[PDB]
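Everything below concerns the one structure shown next.
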Amino acid sequence: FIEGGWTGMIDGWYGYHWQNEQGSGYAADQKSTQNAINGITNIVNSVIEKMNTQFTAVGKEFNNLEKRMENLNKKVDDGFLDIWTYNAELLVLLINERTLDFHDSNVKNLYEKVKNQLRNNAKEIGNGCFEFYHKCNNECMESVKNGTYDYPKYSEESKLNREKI
Amino acid sequence: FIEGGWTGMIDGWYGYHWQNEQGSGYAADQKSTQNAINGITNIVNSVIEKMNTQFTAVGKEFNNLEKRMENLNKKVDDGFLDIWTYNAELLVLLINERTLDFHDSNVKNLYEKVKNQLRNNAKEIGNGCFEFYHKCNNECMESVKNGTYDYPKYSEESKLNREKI
Amino acid sequence: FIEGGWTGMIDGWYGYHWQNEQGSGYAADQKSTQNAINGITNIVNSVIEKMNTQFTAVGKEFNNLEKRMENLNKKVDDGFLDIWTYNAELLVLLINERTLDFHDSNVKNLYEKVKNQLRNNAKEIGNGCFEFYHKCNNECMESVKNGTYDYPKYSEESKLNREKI
Amino acid sequence: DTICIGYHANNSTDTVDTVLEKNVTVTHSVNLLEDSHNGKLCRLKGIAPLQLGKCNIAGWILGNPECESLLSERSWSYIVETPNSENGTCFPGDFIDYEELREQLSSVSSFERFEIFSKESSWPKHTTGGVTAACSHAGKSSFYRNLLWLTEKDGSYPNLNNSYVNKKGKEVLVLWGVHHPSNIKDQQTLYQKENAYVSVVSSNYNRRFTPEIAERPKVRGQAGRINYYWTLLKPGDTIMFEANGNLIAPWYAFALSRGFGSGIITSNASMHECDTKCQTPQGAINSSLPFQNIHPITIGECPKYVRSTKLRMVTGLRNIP
Amino acid sequence: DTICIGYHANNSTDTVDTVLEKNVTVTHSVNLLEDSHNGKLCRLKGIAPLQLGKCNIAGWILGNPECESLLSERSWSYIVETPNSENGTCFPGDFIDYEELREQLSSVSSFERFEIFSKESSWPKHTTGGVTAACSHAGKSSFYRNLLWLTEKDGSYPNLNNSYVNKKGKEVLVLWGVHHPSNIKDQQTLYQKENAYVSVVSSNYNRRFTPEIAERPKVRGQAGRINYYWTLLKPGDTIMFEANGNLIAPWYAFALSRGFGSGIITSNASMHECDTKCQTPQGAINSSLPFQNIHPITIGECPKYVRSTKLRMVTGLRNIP
Amino acid sequence: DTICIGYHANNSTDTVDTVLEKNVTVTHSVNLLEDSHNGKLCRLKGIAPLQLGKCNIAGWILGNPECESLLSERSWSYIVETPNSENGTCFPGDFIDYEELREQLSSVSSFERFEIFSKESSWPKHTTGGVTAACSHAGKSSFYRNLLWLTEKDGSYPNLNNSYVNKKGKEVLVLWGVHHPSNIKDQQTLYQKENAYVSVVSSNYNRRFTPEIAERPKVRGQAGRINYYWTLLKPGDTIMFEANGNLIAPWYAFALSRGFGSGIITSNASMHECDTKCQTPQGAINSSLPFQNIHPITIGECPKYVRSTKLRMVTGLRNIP
Amino acid sequence: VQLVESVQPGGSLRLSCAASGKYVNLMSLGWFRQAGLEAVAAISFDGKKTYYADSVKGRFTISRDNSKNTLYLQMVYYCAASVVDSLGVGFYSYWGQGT
Amino acid sequence: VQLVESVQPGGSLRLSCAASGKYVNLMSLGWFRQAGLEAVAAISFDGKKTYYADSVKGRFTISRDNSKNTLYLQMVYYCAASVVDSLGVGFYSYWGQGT
Ligand SMILES: *[C@@H]1O[C@H](CO)[C@@H](O[C@@H]2O[C@H](CO)[C@@H](O[C@@H]3O[C@H](CO)[C@@H](O)[C@H](O)[C@@H]3O)[C@H](O)[C@H]2NC(C)=O)[C@H](O)[C@H]1NC(C)=O
Ligand SMILES: *[C@@H]1O[C@H](CO)[C@@H](O[C@@H]2O[C@H](CO)[C@@H](O[C@@H]3O[C@H](CO)[C@@H](O)[C@H](O)[C@@H]3O)[C@H](O)[C@H]2NC(C)=O)[C@H](O)[C@H]1NC(C)=O
Ligand SMILES: *[C@@H]1O[C@H](CO)[C@@H](O[C@@H]2O[C@H](CO)[C@@H](O[C@@H]3O[C@H](CO)[C@@H](O)[C@H](O)[C@@H]3O)[C@H](O)[C@H]2NC(C)=O)[C@H](O)[C@H]1NC(C)=O
Ligand SMILES: *[C@@H]1O[C@H](CO)[C@@H](O[C@@H]2O[C@H](CO)[C@@H](O[C@@H]3O[C@H](CO)[C@@H](O)[C@H](O)[C@@H]3O)[C@H](O)[C@H]2NC(C)=O)[C@H](O)[C@H]1NC(C)=O
Ligand SMILES: *[C@@H]1O[C@H](CO)[C@@H](O[C@@H]2O[C@H](CO)[C@@H](O[C@@H]3O[C@H](CO)[C@@H](O)[C@H](O)[C@@H]3O)[C@H](O)[C@H]2NC(C)=O)[C@H](O)[C@H]1NC(C)=O
Ligand SMILES: *[C@@H]1O[C@H](CO)[C@@H](O[C@@H]2O[C@H](CO)[C@@H](O)[C@H](O)[C@H]2NC(C)=O)[C@H](O)[C@H]1NC(C)=O
Ligand SMILES: *[C@@H]1O[C@H](CO)[C@@H](O)[C@H](O)[C@H]1NC(C)=O
Ligand SMILES: *[C@@H]1O[C@H](CO)[C@@H](O)[C@H](O)[C@H]1NC(C)=O
Ligand SMILES: *[C@@H]1O[C@H](CO)[C@@H](O)[C@H](O)[C@H]1NC(C)=O
Ligand SMILES: *[C@@H]1O[C@H](CO)[C@@H](O)[C@H](O)[C@H]1NC(C)=O
Ligand SMILES: *[C@@H]1O[C@H](CO)[C@@H](O)[C@H](O)[C@H]1NC(C)=O
Ligand SMILES: *[C@@H]1O[C@H](CO)[C@@H](O)[C@H](O)[C@H]1NC(C)=O
Ligand SMILES: *[C@@H]1O[C@H](CO)[C@@H](O)[C@H](O)[C@H]1NC(C)=O
Ligand SMILES: *[C@@H]1O[C@H](CO)[C@@H](O)[C@H](O)[C@H]1NC(C)=O
Ligand SMILES: *[C@@H]1O[C@H](CO)[C@@H](O)[C@H](O)[C@H]1NC(C)=O
Ligand SMILES: *[C@@H]1O[C@H](CO)[C@@H](O)[C@H](O)[C@H]1NC(C)=O
Ligand SMILES: *[C@@H]1O[C@H](CO)[C@@H](O)[C@H](O)[C@H]1NC(C)=O
Ligand SMILES: *[C@@H]1O[C@H](CO)[C@@H](O)[C@H](O)[C@H]1NC(C)=O
């Protein structure tokens, strides 16, 4: 939907951008990015918990008539190392895929939240952005962020303006 | 969207709820529940099938001059236990999230299927509940459940009453 | 939504279908198929590279009075085989689930791209097809696939035709 | 009039863990981890175990007097010891390749304990049945039941020349010992010669032993030592014993019947007449869940052990009344 | 005018399994598990294997008469035994540290069978080339090819004195034996003294051996026994042999050249002129797929082994005509 | 009048891997792999290690003259050897069960060194303090510091009779040796007997030794050998020594205090006064990440080792400016 | 992943393509020509199946064999590999230098 | 995950914040103040980078080190932690008691 990420926004991952007669700028949705970074922290917490501490892992010495036991010890060390290298790389790949899917889901959920809050009172331009059928001052622009948009307060004007469309 | 589950649904994971001149009540959906339980039973069966049995994991004894072998056997046992504990916990986390993703997909599929059946002959509310533009008796409600909502017959009134908006 | 796949199409994975006053048939979308092929090839390379080669795993002989070492070696071999059998099967299940979801997402993305291009110039139908309100010749059809569907060049004339419904 | 969709919600308490979320409440969940047990020894598929009481494998095989009740047992599913097992070798010494014998015996389902050498007639020119105060029984001095202590008769200790042909259909476990007095006076009184040997040979085994006389610390009250040995005879194979002195000859051997799924466990629990499919040293995990956290040692088709404290899977919906 | 969007449908019936679904039909698939093999012992990187055939490592290294053809081999890629590889030590006895020798030989890429001590002029005062009926060749008694049996001459057996200085640039595997006659008569007739010793010493090896005389069961028709020993001389090192008797003296030794990727396999397959990168007892593997379910044993860059029967992966759409 | 949604984008160049795409630029990421170190041996949990320098465990335990400085150490956290450490057994010979001793010493945290037998009063009738040129120090012949070489006095060498009662509350490590001259003339000159023996016995140990005399290749200029043995005494247990020759008597023993988390490593790094929680033979680790790739060998609580070169987790969005 | 490959009023000229890059053996190969770009022929892995364009009319038996993982075509041209066992133009991603 | 922390018409006052709770060492840390709530300063893991509010003007050098996983601020106030290497207010989730 959205062509690309924003570079001017610095308050958080997810945010809005707005323009009206009174001004324009960026802002981050604190609730959303909190709910997101909680998830990231849980992932990080899980990794450090499942990966038990590795205690002393010194080697062993073997006589010249103990090559079989030496190779068996070498096989055990190599086998566990291959298994744990595989587990670490696979886990990283799975986590990365889920995190990026998670972030995409949140952006979509935030986008739907704005659409539903407006009660289909503004035209969807595609491109990830909305264009209002009514003028929305800073008070209204803050209202959409708070999640307490009052549709009847603008419905009459929005319907009246829709006639000229 | 849907703000929590219904506690009046005695039967079925998923179902409907309606009220009209003939009364109100709850009822499960056979096909959606069947698909969901089938999908979850597959995960349970896979968990039980792919995890083989642990046959006779008895111990071993060593002399005082066999400390190296004893530590090697201990290292083998501890390494396998740690690997399989990690596998068991990761597996449970993976299958858990799919189930909660599978359940969410199933409910959303039901919502879209009902919407398409009604064919924009009813007002849509964000909480997941549709309001008809016409009188809808038990036969109409069962028709919606039966996946055979008779749009052409009911649309005759809607053609007029929908202008009431 | 879409009622099954197409057996008439031969080239490409995801494709279009069209019929108008000057022809009918099918045509694949190269951009989407190539990207999907890159994604699958990436998975294939990942699975081959992340799995190591069994360079040499010849057997071992033990004396009558070395049965403890023989059982320990047997336990090591069986334990690694069980772990790798479990990793291989679980990996296959994970990649299959991701690949099938990847195909479904790709079809939905193209469907949304068609919607954004047409922008309510056609009556969308559940089966996934788009029925226009205006004449759309081969040049019009080709423009739809090429991503150069000019909106006003087809929209205005359809106003009366759509209202006549 | 209105109809609408929803999902089941109820007053359950189960909680599960996902990768992104923790402590999430669900309607229905399957406990995939066992944490309970019946706490007894049970009949594993209809065959009772071998209940070694006061004595361990060493006292069971050698025939320690304090556990003579084990001589009637002939078949079992698993061997169960106790932490109070101490009545092994009553006379101090070293059991050579004792851990290997435990490994061999962990795969035996049954045996036939028989008299390899007849005490009454096999040693006509020796004195049979010496007793030691370290192996006292019922207040009197006694000795193992499976090993015979040989000494001089009529002022001489002739050469020993005995063999056994394994005409049983199974492997036969042969055990013997060699004595290491503490001084030359005991060697002369017992065997009437300061230099002596013991030779044991078969189609696969070959070894020679020599006594070593030296003063040692007292263990169990004794200053001497007895070293115990063992071999497994293959069917049709012959085992030959030759000794000039210091022999503690076999008396009873075991024809071994091999099996699968058996083992040796150490447990404090009691026994009762109950069938089970899985047995930990603690108690029967008679349940069908995939994982358990009770004990790593198992006998039978047991669930897989994981150090986890819980493993619950979602088989239901999220609940949010 | 109408336009529509869909996906490919195919009249091919591949099926795949996922976490939530089983036996799902897919248009295309790729198999990640190899189950086909050449079925023959192929050449590995241009070098043929050491097909021992009738005899095994012990017979090959001692050079028993039944596989004298192997004595011309100098380089190989892997050692191949067969299920009917029975010809090893034709004279009964214990090959001590045999499994260690097998492990050492599992890394050798070649050797030079050279003559440490010349039979003609290295033992001028002893009879050379004794024979036994347990190692018959062409119906006539013979002995090992790489070892020399020494015996009295003119009614006497002088002390042995020989030693070898490793002027080769590699390790030399030295083999010898100590004979253990069945009775004193054979000891006297061959070596002319009841008490004899053998002492083999190097810069890192030091051991002494003594005969043991006893009656033993007849194995391969002989009541005697030869215990076979070995050591590896380091480059520049010296090995000294001293013996009052009972020495099966070395004749030929091997200057070993080490390598990588070698091993010992047991196979029933036939030889052929084809080349390969991976070899199994079943046969060669000609695929680059990540998994394998042919045999756990591998030589060379082989795909990983798994017990699965099918590991198809989805590389195509779902099939719903 | 417009409002709409997006996400953060920055200057980052961090790249992460996923199942479908490689080399994806992400705004924020956490490296899970540690590769940085300080390259010094540091004190582990407040206790300094035992740096052996020239000597190895064999030289340090046997008191090789170049190891005279290590005799003042009492406690450590781990033992450190160096690649250039070669001052072990200054007199050639085999150190029996040497690797087992290294394993035992890997679990020891401290030790007290005492005079088990008094050089001045416990050997009245034998000459104490033989010296050899192979173990020279300061330009003179010398010998080990924990071992005492006994020799005839006034043309005699009576039987040794000493013993020791372990009245410490700890295990005591006793070490000795048996001397193997090169010829009978050395045996007679040193001990005045051709055949000698050495017997060591306790409640848990029993062993006898006999000399072996034969010409051997010169190592460090000596044709003779000394074999080194050891045992561990349980509390209250008594160790007795008997010998009429060829005994390299014990002089200083050790009382062992066990501990957890110790080990032996081979390192070329220097020493400093710094604290660490994780240590490698290369250098310290200073991190909380779950994985590392610096070395497999570790002492303490260290991250898991993985061969991977980069493990980055995504804690941010896709970077698509 | 890569591939390497290498006319008169009469007869037919043979040409060959060789797999290159990482374990290309697991991928199907096909041939293409440009005067527009169009497919000519393809062969699945292990030579299970063959496809040809309309112009082939079933001639030009293709094969692949051991030597350097090569394939041959005989009675500018480029070869490409794809992971899908189809001649579809869309499934090819890795192309040769053309000859 | 938690953190613990502890004026006149002249000079400047030192104050410190210390990590608490499960392996917060992995986490970036910063300072905050309220009269409304606003950020003041932040520092990365391993002290790689530092960030400041507008009022700092580059003064008030921030640092942290091993001892008690402490960080210091010197020439009601709170400190908090975040997985994200940024000063942004929205990124921070776990907070101290204020001092
Ligand atoms: C079977 O095992 C039991 C238990 O290990 C042995 O009984 C124990 O025998 C020792 C030696 O006779 C007893 O030590 C003595 O205790 C008395 C006091 O009762 C003390 O005055 C002596 O100085 C000496 O320390 C020990 O108490 C006794 N324990 C029990 C519980 O009775 C038994 O001898 C073993 N029998 C065989 C045949 O192996
Ligand atoms: C071992 O555990 C299994 C279960 O894990 C036990 O099987 C259970 O046995 C009881 C009877 O002792 C069964 O309960 C009865 O089931 C009938 C079914 O109609 C019901 O009418 C009764 O009211 C009663 O609930 C139970 O079904 C059966 N299975 C399970 C899963 O519980 C078994 O008895 C235990 N012992 C042995 C020796 O196997
Ligand atoms: C090399 O190996 C082969 C096969 O293992 C040896 O041939 C076998 O030799 C034994 C002993 O001579 C034969 O056993 C005898 O068989 C006769 C009947 O023919 C029986 O009357 C005797 O009591 C004894 O059991 C065995 O039959 C024979 N098998 C074959 C297939 O030839 C061979 O001797 C070995 N040669 C060397 C030099 O090691
Ligand atoms: C402690 O270890 C050092 C070596 O790390 C010993 O010194 C080394 O002793 C050997 C043998 O005596 C020397 O090798 C010989 O050197 C002479 C030249 O003097 C040469 O002609 C011989 O062919 C042989 O290679 C070696 O050079 C010498 N190294 C050094 C650095 O002095 C030392 O004896 C050991 N001390 C104890 C008490 O173990
Ligand atoms: C790797 O090794 C395999 C095994 O030798 C080689 O595959 C074999 O190739 C031949 C020739 O195409 C196949 O035979 C053919 O079968 C078809 C029917 O499938 C038939 O029409 C032909 O007449 C011919 O007989 C054979 O089935 C096939 N075997 C297997 C197991 O794939 C392959 O060529 C080798 N490739 C490399 C690069 O080493
Ligand atoms: C351990 O970690 C600390 C903190 O991350 C390191 O201290 C910093 O090291 C960098 C160089 O890597 C210097 O630029 C910083 O100035 C150091 N911090 C301070 C407060 O001075 C330390 O170097 C690491 N290693 C050791 C051995 O302590
Ligand atoms: C849920 O609450 C009802 C009463 O509101 C009670 O009867 C029922 O037992 C509760 N559920 C459970 C599982 O106890
Ligand atoms: C989950 O609940 C347990 C108590 O059952 C608690 O100790 C833990 O902190 C909780 N974790 C989360 C993330 O809520
Ligand atoms: C004594 O040994 C001989 C073998 O030398 C044997 O023939 C004889 O049967 C033996 N005597 C007895 C009584 O077993
Ligand atoms: C051992 O078993 C007895 C009898 O069942 C019991 O009294 C005692 O508490 C048990 N000991 C332990 C440590 O469980
Ligand atoms: C699919 O059907 C076509 C005819 O419609 C046939 O030519 C082709 O061979 C079929 N596919 C297979 C794999 O047989
Ligand atoms: C699916 O595949 C095989 C037979 O093709 C069989 O094991 C299985 O039972 C079939 N169905 C299910 C659900 O497993
Ligand atoms: C043995 O060889 C040595 C040389 O190594 C020589 O001096 C001696 O005379 C030979 N003979 C005897 C009996 O030692
Ligand atoms: C071994 O190969 C032979 C010859 O091909 C064959 O007859 C026999 O059945 C094979 N046996 C086994 C066990 O492979
Ligand atoms: C990104 O880097 C450019 C220079 O490469 C710099 O001008 C710009 O300020 C940077 N952006 C941020 C947010 O620091
Ligand atoms: C792109 O991937 C290749 C192969 O893994 C790697 O060598 C290279 O460093 C990557 N590039 C970047 C910018 O990460
Ligand atoms: C030998 O030691 C014993 C035991 O301490 C002692 O009784 C005896 O007097 C000692 N004899 C000599 C000669 O040292
Ligand atoms: C050890 O360090 C020294 C000094 O840097 C160097 O000369 C020597 O080569 C190093 N040896 C090893 C084995 O690292």
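In the structure tokens, each chain is lettered A, B, ... as it comes, each chain's residues begin at 1, and ligands are numbered from 1 in order of appearance.
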Just want the 12 Å neighbourhood of residue 36 (chain H), counted on only C-alpha atoms, with same-chain residues fewer than 3 positions away dropped. Output as a ChimeraX atom specification. /H:32-33,39,76-77
I want to know what sits within 8 Å of residue 71 (chain G), based on only C-alpha atoms, with residues of the same chain fewer than 4 positions away left out; could you give that as a ChimeraX atom specification? /G:16-18,62-65
Just-selected residues, N, CA, C and O atoms written as an mmCIF file, in the first residue's frame:
```cif
data_model
loop_
_atom_site.group_PDB
_atom_site.id
_atom_site.type_symbol
_atom_site.label_atom_id
_atom_site.label_comp_id
_atom_site.auth_asym_id
_atom_site.auth_seq_id
_atom_site.Cartn_x
_atom_site.Cartn_y
_atom_site.Cartn_z
ATOM 1 N N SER G 16 26.365 -27.478 -27.368
ATOM 2 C CA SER G 16 26.265 -28.016 -26.020
ATOM 3 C C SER G 16 26.234 -26.887 -24.999
ATOM 4 O O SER G 16 26.717 -25.780 -25.252
ATOM 5 N N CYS G 17 25.634 -27.181 -23.846
ATOM 6 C CA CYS G 17 25.610 -26.292 -22.693
ATOM 7 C C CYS G 17 26.061 -27.065 -21.464
ATOM 8 O O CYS G 17 25.693 -28.230 -21.286
ATOM 9 N N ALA G 18 26.841 -26.408 -20.609
ATOM 10 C CA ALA G 18 27.382 -27.029 -19.410
ATOM 11 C C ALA G 18 26.895 -26.280 -18.182
ATOM 12 O O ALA G 18 26.855 -25.045 -18.169
ATOM 13 N N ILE G 62 17.317 -33.925 -27.496
ATOM 14 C CA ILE G 62 18.236 -33.422 -26.483
ATOM 15 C C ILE G 62 18.583 -34.538 -25.506
ATOM 16 O O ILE G 62 17.803 -35.472 -25.285
ATOM 17 N N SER G 63 19.769 -34.433 -24.909
ATOM 18 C CA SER G 63 20.174 -35.310 -23.820
ATOM 19 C C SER G 63 21.115 -34.545 -22.905
ATOM 20 O O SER G 63 21.644 -33.489 -23.265
ATOM 21 N N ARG G 64 21.287 -35.084 -21.699
ATOM 22 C CA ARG G 64 22.345 -34.677 -20.786
ATOM 23 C C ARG G 64 22.930 -35.935 -20.161
ATOM 24 O O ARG G 64 22.238 -36.947 -20.002
ATOM 25 N N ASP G 65 24.211 -35.850 -19.801
ATOM 26 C CA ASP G 65 25.018 -36.996 -19.398
ATOM 27 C C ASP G 65 26.077 -36.513 -18.412
ATOM 28 O O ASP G 65 26.004 -35.396 -17.891
#
```
Identify, on the basis of only C-alpha atoms, every residue whose closest approach to residue 41 (chain G) does not exceed 12 Å; exclude the query and any residue fewer than 2 positions from it along the same chain; express the result as a ChimeraX atom specification. /G:28-33,38-39,43-44,49-63,71-74,77-81,85-89
Identify all chain F residues at most 9 Å from chain H by counting only C-alpha atoms; ligands do not count. Present them as an NGL selection string. :F and (28-30 or 287-289 or 315-316)
Which residues, written as an MDAnalysis selection string, have at least one atom at most 10 Å from residue 280 (chain F), with only C-alpha atoms counted and residues fewer than 6 positions away on the same chain left out? (chainID A and resid 58) or (chainID F and resid 37 39:42 265:267 294:300 302)
Could you save the residues just selected, with N, CA, C and O atoms, as a PDB file, in the first residue's frame?
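Printed below is out36.pdb as written:
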```pdb
ATOM      1  N   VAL A  58      36.587 -28.196  28.298  1.00  0.00           N
ATOM      2  CA  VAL A  58      37.985 -28.466  27.983  1.00  0.00           C
ATOM      3  C   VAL A  58      38.103 -29.816  27.285  1.00  0.00           C
ATOM      4  O   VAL A  58      37.177 -30.632  27.329  1.00  0.00           O
TER       5      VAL A  58
ATOM      6  N   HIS F  37      37.674 -10.242  21.853  1.00  0.00           N
ATOM      7  CA  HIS F  37      38.370 -10.725  23.034  1.00  0.00           C
ATOM      8  C   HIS F  37      39.529  -9.790  23.339  1.00  0.00           C
ATOM      9  O   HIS F  37      39.935  -8.975  22.507  1.00  0.00           O
ATOM     10  N   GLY F  39      42.537 -11.044  24.728  1.00  0.00           N
ATOM     11  CA  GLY F  39      43.801 -11.687  24.437  1.00  0.00           C
ATOM     12  C   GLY F  39      44.727 -11.745  25.625  1.00  0.00           C
ATOM     13  O   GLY F  39      45.923 -11.474  25.490  1.00  0.00           O
ATOM     14  N   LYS F  40      44.185 -12.037  26.801  1.00  0.00           N
ATOM     15  CA  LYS F  40      44.978 -12.226  28.000  1.00  0.00           C
ATOM     16  C   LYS F  40      44.359 -13.308  28.862  1.00  0.00           C
ATOM     17  O   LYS F  40      43.151 -13.553  28.818  1.00  0.00           O
ATOM     18  N   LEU F  41      45.211 -13.937  29.655  1.00  0.00           N
ATOM     19  CA  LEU F  41      44.778 -14.832  30.715  1.00  0.00           C
ATOM     20  C   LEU F  41      44.386 -13.986  31.919  1.00  0.00           C
ATOM     21  O   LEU F  41      45.210 -13.225  32.434  1.00  0.00           O
ATOM     22  N   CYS F  42      43.137 -14.099  32.360  1.00  0.00           N
ATOM     23  CA  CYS F  42      42.623 -13.278  33.443  1.00  0.00           C
ATOM     24  C   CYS F  42      42.175 -14.161  34.597  1.00  0.00           C
ATOM     25  O   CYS F  42      41.933 -15.360  34.434  1.00  0.00           O
ATOM     26  N   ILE F 265      44.029 -26.087  30.087  1.00  0.00           N
ATOM     27  CA  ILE F 265      44.012 -25.527  28.742  1.00  0.00           C
ATOM     28  C   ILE F 265      45.430 -25.195  28.303  1.00  0.00           C
ATOM     29  O   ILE F 265      46.324 -24.961  29.118  1.00  0.00           O
ATOM     30  N   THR F 266      45.619 -25.159  26.987  1.00  0.00           N
ATOM     31  CA  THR F 266      46.898 -24.845  26.369  1.00  0.00           C
ATOM     32  C   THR F 266      46.781 -23.478  25.710  1.00  0.00           C
ATOM     33  O   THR F 266      45.977 -23.295  24.792  1.00  0.00           O
ATOM     34  N   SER F 267      47.591 -22.529  26.173  1.00  0.00           N
ATOM     35  CA  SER F 267      47.450 -21.127  25.811  1.00  0.00           C
ATOM     36  C   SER F 267      48.823 -20.504  25.624  1.00  0.00           C
ATOM     37  O   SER F 267      49.794 -20.886  26.282  1.00  0.00           O
ATOM     38  N   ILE F 294      34.614 -17.876  19.109  1.00  0.00           N
ATOM     39  CA  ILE F 294      36.030 -17.600  19.325  1.00  0.00           C
ATOM     40  C   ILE F 294      36.822 -18.894  19.477  1.00  0.00           C
ATOM     41  O   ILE F 294      37.880 -19.056  18.865  1.00  0.00           O
ATOM     42  N   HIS F 295      36.324 -19.834  20.275  1.00  0.00           N
ATOM     43  CA  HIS F 295      37.001 -21.101  20.500  1.00  0.00           C
ATOM     44  C   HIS F 295      35.990 -22.075  21.079  1.00  0.00           C
ATOM     45  O   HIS F 295      35.028 -21.658  21.732  1.00  0.00           O
ATOM     46  N   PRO F 296      36.161 -23.374  20.842  1.00  0.00           N
ATOM     47  CA  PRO F 296      35.285 -24.357  21.493  1.00  0.00           C
ATOM     48  C   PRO F 296      35.590 -24.538  22.971  1.00  0.00           C
ATOM     49  O   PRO F 296      34.674 -24.750  23.771  1.00  0.00           O
ATOM     50  N   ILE F 297      36.860 -24.439  23.354  1.00  0.00           N
ATOM     51  CA  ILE F 297      37.261 -24.708  24.732  1.00  0.00           C
ATOM     52  C   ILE F 297      36.997 -23.481  25.586  1.00  0.00           C
ATOM     53  O   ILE F 297      37.341 -22.357  25.212  1.00  0.00           O
ATOM     54  N   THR F 298      36.391 -23.702  26.747  1.00  0.00           N
ATOM     55  CA  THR F 298      35.998 -22.614  27.619  1.00  0.00           C
ATOM     56  C   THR F 298      36.143 -23.040  29.069  1.00  0.00           C
ATOM     57  O   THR F 298      36.141 -24.231  29.387  1.00  0.00           O
ATOM     58  N   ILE F 299      36.282 -22.051  29.944  1.00  0.00           N
ATOM     59  CA  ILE F 299      36.245 -22.261  31.382  1.00  0.00           C
ATOM     60  C   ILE F 299      35.325 -21.207  31.970  1.00  0.00           C
ATOM     61  O   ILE F 299      35.526 -20.009  31.747  1.00  0.00           O
ATOM     62  N   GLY F 300      34.310 -21.651  32.702  1.00  0.00           N
ATOM     63  CA  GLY F 300      33.355 -20.747  33.302  1.00  0.00           C
ATOM     64  C   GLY F 300      32.019 -20.780  32.595  1.00  0.00           C
ATOM     65  O   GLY F 300      31.675 -21.768  31.936  1.00  0.00           O
ATOM     66  N   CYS F 302      30.127 -19.510  29.694  1.00  0.00           N
ATOM     67  CA  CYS F 302      30.491 -18.947  28.405  1.00  0.00           C
ATOM     68  C   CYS F 302      29.372 -19.140  27.388  1.00  0.00           C
ATOM     69  O   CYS F 302      28.574 -20.075  27.497  1.00  0.00           O
TER      70      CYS F 302
END
```
At a cut-off of 10 Å, which residues of chain E touch chain B? Count only C-alpha atoms and give the answer as a ChimeraX atom specification. /E:18-22
Shell of 10 Å around ligand 14 (only C-alpha atoms and all ligand atoms), written as a PyMOL selection string: chain E and resi 82-84+267-270+281-282
